[PDB]
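Heads up, the thing below is written out as structure tokens.
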Amino acid sequence: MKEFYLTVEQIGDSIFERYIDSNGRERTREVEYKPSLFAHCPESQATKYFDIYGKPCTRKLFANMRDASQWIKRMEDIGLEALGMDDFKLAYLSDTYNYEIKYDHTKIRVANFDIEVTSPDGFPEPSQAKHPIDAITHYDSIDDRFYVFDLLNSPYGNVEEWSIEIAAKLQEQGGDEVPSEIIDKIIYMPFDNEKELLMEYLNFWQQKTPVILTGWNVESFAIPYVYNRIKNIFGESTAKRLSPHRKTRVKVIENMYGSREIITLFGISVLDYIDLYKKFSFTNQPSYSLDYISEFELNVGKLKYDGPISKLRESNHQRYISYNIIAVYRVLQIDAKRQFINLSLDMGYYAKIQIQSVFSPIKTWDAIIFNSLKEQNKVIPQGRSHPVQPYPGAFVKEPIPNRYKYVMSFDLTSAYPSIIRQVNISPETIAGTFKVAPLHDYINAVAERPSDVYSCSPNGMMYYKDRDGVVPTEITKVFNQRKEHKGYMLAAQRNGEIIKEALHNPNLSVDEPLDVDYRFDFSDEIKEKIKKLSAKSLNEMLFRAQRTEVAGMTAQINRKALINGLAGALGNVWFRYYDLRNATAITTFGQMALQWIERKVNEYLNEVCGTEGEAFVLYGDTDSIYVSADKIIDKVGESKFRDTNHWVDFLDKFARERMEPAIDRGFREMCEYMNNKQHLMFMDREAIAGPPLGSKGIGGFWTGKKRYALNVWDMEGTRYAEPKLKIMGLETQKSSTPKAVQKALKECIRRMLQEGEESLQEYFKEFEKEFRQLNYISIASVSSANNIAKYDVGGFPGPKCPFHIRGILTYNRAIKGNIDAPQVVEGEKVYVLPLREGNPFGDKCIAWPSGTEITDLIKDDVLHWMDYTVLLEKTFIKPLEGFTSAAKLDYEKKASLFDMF
DNA sequence: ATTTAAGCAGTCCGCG
DNA sequence: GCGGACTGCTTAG
Ligand SMILES: [Ca+2]
Ligand SMILES: [Ca+2]
Ligand SMILES: [Ca+2]
Ligand SMILES: [Ca+2]
Ligand SMILES: [Ca+2]
């Protein structure tokens, strides 16, 4: 096999590299890497190296890496550009792996671990590590085994061995229900003292040194706790054995308001799963506890135990250890679904970076672009300092708030990346500038053509047309990958809808799910077999289809995020290719494109309807248009349609056969107007939306910018078995809105769009009557909690104190003295409830850590003093009044003349 | 650890 | 009450 790196580090004048050799074995080497950097040189000096602008360079080969870094410094003192890759490990990887990396994940040791620490005095601080580590579960991907290190004797209690037999048993048997599929994979090791446990753990670690290290909060808790605990017991040299090169650094992570410390383990790539989830999931969750996320992702029940975690080991060590093992498995189950580890490996190896660098789109693109240029013997420019400056973004149309009955939407495929490619936007393709006219002059095609030579953006920038820039070339490569995976995602989605339809008529038989590839549209033969399957088999196929869709989603959406991040990175001051001219060329062209095509679509539809000055485009955001289709439907007449699917078909055909060609013509004209390199504005139909045929549903409504709901029958070619709401911006979509309220508001919207005013009124009346029975957590608001200390004046709210911070201060006073009650963590999320006047907490609200039950000492009082009236008004009635007034609809029946009967 | 536009909740205080 | 200036938070692109 071709060789591939696992990890790379610079330590002084040495590169330390762990890798898989040509025979598939893991090896480690130290290499005295001599890096090269570059200086500009005279034109008369023969060279094969040129900077990105075609200026000649001489290569400087240094005796060692420190000499290279010192030369960069003196080049600054002199005032001259020091060109080349200044991150020497990336240069090392580029030299060592000068081919597309084919990696074999089965050879990469992925370790998933979790530790337990009993603490009788509150949260066990990793920097102090003053309590024994009493359990470690460590899953190894190569062995496919869970290694369980169990402390039997501690200052906080001596316990019996954990029993695998009880662990396997059902909860209803008094067992812990450790999943049967992992029972045979557990290797259990009890220890009668912590020193032996830790010494053995470290010997184990040397034998099975993780390459990828993950778990839940491992970077902020487990890793630093283990490091510091070992350090405190044995000394630093022993703790550094967690690094394969015996090198560690205390790294300070600094944000807006304060800082924290992590331990960098040289020669390990730490990918904390919480951080993977936050970057790659595109969710915003009310809580990031593993219990909460596991429930959300996998629909598994919360790990239940009696009493506080600080007494769980002494009271029920059996359950204590089982839940430690399950916790490790939950993360593996989440990854089986989401495939974020696979994603990181794919992207890391593609870019030729340390895998953990996938968290930095700047690092990722810096590496991609460096490798690309190096291939042509080109030399990257030196990074420079820039002051942070604001720059303009997208255009968003102000909608008239209203119901909108029939709607077809369209938006650009990969808008900003397509703009970069079309215009040829790149550091080295800048050709000059032209004299800019007001944007609206371009939108209306009245401005003088910017250039007859170069490719233009309406911000004034001109680009070469003779050759693609490195930014367009590299963005296209990742775009193509994105497109492939999106194809798989949408096939899986369409396949899912076939199964859902079949589920209406399940056969009464005993059979098996069909062995199929859900990434490809089901063949006719597969469809026939499906119509004969049982519900059991169909449900299993549906689950498999949806898992395949999730896999495709992960792969496509994060590739989308990477390419969009490149357009973004052009406006980040730390990016090597930072240029506000290029960042703004993209956004300004985008503004023009949207408003240009709005004009073209209005003109086209006014033509085919024989009207003048009518606005068919009702809304648009960045790269999208929403077109009112009422007149199209009305031209044939609702009576002519057999059912809902019939008019959906008709609108689908109209969009594909009339609208899209008109849109394409409009954009081809714009490309010529701007003299662009290549026509790449492809605005495909997104949604077909409307009420069910014959119903009183309103179809859709807008309240304002970035706030709307549509009843969608077909999305990007997926024809739903059941209509699906596309709701953007409204309170149903916000993590801050209570769970039960999101749910009730969604049902109000469903009823508005599908059933009409009367149905909405029936539901509102019921919700208003019953809501006080809802569980307090379900009706609690949610907020991030920053700057708690800033607004805390002797335990009371200072000036301008935010509502949620006031709640936290109330909580703090209410739990005062207790070291055992959960503390609110700065920067994390809280649940918030309003409190009735004259409550014993002495303020108008209370807040506590999200994803948790409020501590028992105050739970009863919070429940007694919860202000349901305020809660209902703020979270439910106020937003509903917004939805209904915009839709010109009443949520309560108005009096009429009929009342007199 | 890429980016801008823009929404709503709430505080403070004005608004004769 | 409602608006604007402002902070805080969160979502649509
Ligand atoms: Ca735990
Ligand atoms: Ca788009
Ligand atoms: Ca059937
Ligand atoms: Ca869009
Ligand atoms: Ca599309």
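Because only heavy atoms are used, hydrogens play no part in the values below, and waters and symmetry mates are left out as well, while side chains stay in. All chains are named by letter (A, B, ...) in the order of the sequence lines, taking the proteins before the strands, and each is independently numbered beginning at 1.
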request  = Can you run down the salt bridge (charged side-chain N to carboxylate O under 4.0 Å, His left out) pairs that involve residues 557-568 of chain A, sequence neighbours left out, and say none if there aren't any?
outcome  =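 Found A/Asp346-A/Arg559.
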task = Enumerate the residue pairs fulfilling salt bridge (charged side-chain N to carboxylate O under 4.0 Å, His left out) with a member in residues 792-803 of chain A, sequence neighbours excluded, ordered by first and then second residue.
result = none
key: Charged N-O contact under 4.0 Å between A/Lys705 and A/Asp621   = no
Residues A/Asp366, A/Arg576: salt bridge by 4.0 Å N-O rule = yes
In whole Å, what is the span from the [atom1] atom of [X] to the [atom2] atom of [N]?
X: A/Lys397; N: B/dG7; atom1: NZ; atom2: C1'; result: 18 Å
X: A/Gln742; N: C/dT10; atom1: CD; atom2: P; result: 13 Å
X: A/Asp621; N: B/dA5; atom1: CG; atom2: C1'; result: 8 Å
X: A/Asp843; N: B/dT11; atom1: CG; atom2: P; result: 10 Å
X: A/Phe359; N: B/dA1; atom1: CZ; atom2: P; result: 11 Å
X: A/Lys800; N: C/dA5; atom1: NZ; atom2: P; result: 15 Å
X: A/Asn558; N: B/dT2; atom1: CG; atom2: P; result: 15 Å
X: A/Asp366; N: B/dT2; atom1: CG; atom2: P; result: 11 Å

query = Under the criteria of a ring-centre distance below 5.5 Å and an interplanar angle below 30°, is A/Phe803 stacked with the base of B/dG10?
reply =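 A/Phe803 vs B/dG10: stacking no.
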Below the 4.0 Å mark, does [N] have OP1 or OP2 next to a side-chain nitrogen or oxygen of [X]?
X: A/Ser735; N: C/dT11; answer: yes
X: A/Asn564; N: B/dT2; answer: no
X: A/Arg707; N: B/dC8; answer: yes

Near DNA chain B, under 4.0 Å by heavy atom, which residues of [range]?
range: residues 782-795 of chain A; value: none
range: residues 577-585 of chain A; value: none
range: residues 867-884 of chain A; value: A/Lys874, A/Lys878

task = Could you say whether A/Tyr257 or A/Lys734 is positioned toward the 5' end of DNA chain C, judged by the nucleotide with the nearest heavy atom to each?
result =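 Closer to the 5' end of DNA chain C: A/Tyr257.
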Side chain of [X]: nearest nucleotide among [options]?
X: A/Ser736; options: C/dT10, B/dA5, B/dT3; result: C/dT10
X: A/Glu398; options: C/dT10, B/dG7, B/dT2; result: B/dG7
X: A/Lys705; options: B/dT3, B/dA6, C/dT10; result: B/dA6
X: A/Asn284; options: C/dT10, B/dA6, B/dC12; result: C/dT10
X: A/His804; options: C/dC9, C/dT10, B/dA1; result: C/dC9

inquiry  = In this structure, is the centre-to-centre distance between the rings of A/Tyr404 and A/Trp702 below 6.0 Å?
reply    = yes
Once you apply a heavy-atom cut-off of 4.0 Å, does [X] come out as touching a base, just sugar-phosphate, or nothing?
X: A/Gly565; result: base
X: A/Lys560; result: nothing
X: A/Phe575; result: nothing
X: A/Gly729; result: sugar-phosphate

For [X], give me all partners under side chain to side chain donor-acceptor pair (under 3.5 Å), at least two apart in sequence or on another chain.
X: A/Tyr273; answer: A/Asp335
X: A/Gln382; answer: none
X: A/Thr732; answer: none

task = Supply the atom-to-atom distance A/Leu745 CG to A/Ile727 CD1, rounded to the nearest 0.5 angstrom.
result = 9.0 Å
query = From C1'-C2'-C3'-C4' alone, north or south for the sugar of C/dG8?
reply =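 South, since the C1'-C2'-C3'-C4' torsion of C/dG8 has a negative sign.
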task = Could you list the residues that satisfy salt bridge (charged side-chain N to carboxylate O under 4.0 Å, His left out) with A/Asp843, not counting sequence neighbours?
result =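 Scan of A/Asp843 (salt bridge (charged side-chain N to carboxylate O under 4.0 Å, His left out), adjacent residues dropped) gives A/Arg806.
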task = Please identify each residue that fulfils side chain to side chain contact (heavy atoms under 4.5 Å, CB included) with A/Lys878, with sequence neighbours left out.
result =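 Per chain and number, A/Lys878 pairs via side chain to side chain contact (heavy atoms under 4.5 Å, CB included) with no residue.
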Within residues 579-594 of chain A or reaching into it, pairs that qualify as side chain to side chain donor-acceptor pair (under 3.5 Å) - sequence neighbours excluded = A/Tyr463-A/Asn582, A/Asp579-A/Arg581
Please tabulate, for the side chains in residues 385-400 of chain A, all donor-acceptor contacts under 3.5 angstrom to protein atoms that are two or more places apart in sequence or on a different chain.
unit_1: A/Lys397; atom_1: NZ; unit_2: A/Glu598; atom_2: OE2; d: 3.0

